[PDB]
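Just the one chain here, the form deposited in one PDB entry, laid out as structure tokens.
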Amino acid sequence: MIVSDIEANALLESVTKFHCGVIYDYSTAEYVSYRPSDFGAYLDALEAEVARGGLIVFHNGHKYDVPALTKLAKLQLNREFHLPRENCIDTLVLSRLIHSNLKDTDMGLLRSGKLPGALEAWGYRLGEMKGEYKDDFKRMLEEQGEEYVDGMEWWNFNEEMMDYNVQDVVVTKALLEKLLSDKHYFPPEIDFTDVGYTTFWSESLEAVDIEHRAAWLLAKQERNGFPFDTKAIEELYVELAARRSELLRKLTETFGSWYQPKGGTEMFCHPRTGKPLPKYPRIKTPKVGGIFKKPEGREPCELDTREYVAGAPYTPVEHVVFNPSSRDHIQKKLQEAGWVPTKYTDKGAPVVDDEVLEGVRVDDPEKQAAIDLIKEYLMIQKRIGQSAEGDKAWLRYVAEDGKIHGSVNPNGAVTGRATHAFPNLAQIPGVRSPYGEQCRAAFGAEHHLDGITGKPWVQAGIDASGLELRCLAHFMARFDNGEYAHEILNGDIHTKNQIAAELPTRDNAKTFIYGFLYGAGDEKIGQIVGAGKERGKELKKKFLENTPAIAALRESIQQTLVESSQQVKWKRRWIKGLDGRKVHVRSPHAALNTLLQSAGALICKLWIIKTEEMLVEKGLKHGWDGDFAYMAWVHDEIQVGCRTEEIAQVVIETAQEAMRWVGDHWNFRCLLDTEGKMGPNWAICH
């Protein structure tokens, strides 16, 4: 086993130079540094460990170091270098598994101060090394007079870069041993720093193997990116911008401008009594100024063109134009129109969401009509922000290869689900929401032309059917002997619930069923179905009666975690996952959700892994220079680009086979299924 880390001249997308690397070998117990001219030797050392059936530990190597080395080896040495998946370990992947209840800075991409809770120390250090190194560099320069440019700290190799490289490895080694010391994941009887790769994976908890496989697959997905139709979105942006402008014009006609005090320093005090009046706007008594300018002995002093007069106080003000995006502005104008706010926030502000707006009623028919323009305006902004103007807008993220390479934290959610960001490809507007079709169609395999034939690719969308309800059926099978598990596969469960619950859309039945299943109150249930708390109660009891094993499952969970409870006294604060890991429970009332969401997340995770493996053993190659390419994984759905329709048909069938395999793999008590769709883009494939 060896522990390594490299320093290169840029992020993966454009790295062209290997600066240095460090290797700590457990069999010699020594550190070895490789500088720029030692690159070939460094790669030799890594491959040697692979030939010994050994292991290579990197911190975030799955997403960076490993792919970077393959790329750099080709560019600089014109060498083929491909460390095998089974030979690599990632302490970041391990940390995220073992310390799943904690956040992390994603290697410095997120500010540490914005994250809730605590952060594991060694990982925090590793995450701050780049910024920390930049500080040293900048200081040393301004210490030498020279100026600091853009981000020159990474342009060339130097001895301070070398030292940081060494510290990263010592810290990574420490992190590794801290994680390996976790008896729950690694049996005490085995020294995992002294075993071959096969022993490492087969002797450690199943979750360790699954997490590394998921991270390796997902890093590949990021590199693939999602073919994106830049042109169509730029055109969408024009359309949205035009509509925004017109709504602004109409709204600013209806709701005119006004003045507000601003920039006042002094306190206004009663001139008579002289007592401070903190409720009055702050004022500003000038010191310079008078009617005339200083002298002129019997010859009219020149008038002071000055706008002020020392002594005479005034209230500084700013002119403000109605901003439809300001909840404050909307609040002000509507109450001024006779609106009586009913519900406020835990801070004294009147709620101004879509529910209230839809219910606001004012006498003036024009303003009454402006409320609909405001609803539209806010929605338009949501679309513009996400597609074009936001900091993480799709248009700011399109790469030169015409794809968006969204990032994925394979195990970012406490339950075992992944998180997505930069931009979040797991929150693209649904095809049935305003502008959804255009948004969704812009992401698609059709937008990628084959590198050889120039023909567009095809898309295969596969989504697990009624995932969490089947997870429920599984866990309550010990209470109802598989009754629900059997009933659930009698026609589509969500469509069936929709009808019985007499709901408008199939999607509405899903939001309802899961809201109900996971503790929504009588009122919240009502809101979801567009009714009152009375209707909420009806559905609650109506569905609980149908399957009383739900209460039984809920009770057993509680009896397993709690012994008494504000504030809670825990018997054990974690659920054992399907693959053996500890799933931290945050609250007794969300426990059932923790159990079901985790099960569904681990099933889907093993599913995408098994699907790709089955495709590979069938002869398909993963990549744009091959047969298929993962473009996105959104909880229980994968979108996959395919070179041909026939390959898409095979991916869809293979995804189903793999799902059934996962179900059998963990002796699930409910049969697991998937639904696949072939098409040119995401609007058609989901």
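Note that residue numbering follows the sequence shown and begins at 1. Under this definition, the rigid core comprises the largest set of C-alpha atoms superposing within 1.5 Å between the forms.
Just so it is clear, the following notes concern the form deposited in another entry, a form of the same protein that is not shown.
Check your understanding: With the two forms aligned on the rigid core, which of the residues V320, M152, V166, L544 moves its CA by 2 Å or more between this form and the one not shown?
Key -> The listed residue whose C-alpha shifts by at least 2 Å is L544.
Practice item. Indicate whether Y435 shows a C-alpha shift of 2 Å or more between this form and the one not shown, with the rigid core used for the fit. Key: It does not, since the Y435 C-alpha is displaced less than 2 Å between this form and the one not shown after the core fit.
Check your understanding: Taking the rigid core as the reference frame, is the Cα of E307 displaced by 2 Å or more between this form and the one not shown?
Key -> Shift at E307: 2 Å or more after core fit.
Review point. Under a superposition restricted to the rigid core, does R96 display a Cα displacement of 2 angstroms or more between this form and the one not shown?
Key: For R96, whose C-alpha is compared between this form and the one not shown after core superposition, the shift is less than 2 Å.
Exercise for review: With a shift of at least 3 angstroms, figure out whether the C-alpha spacing between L517 and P410 grows or shrinks in the other entry: closer or farther?
Suggested key: Pair moves closer in the other entry.
Review point. Where do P410 and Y518 end up in the other entry, Cα atoms closer or farther than shown, with a change of 3 Å or more?
Key: Result: closer.
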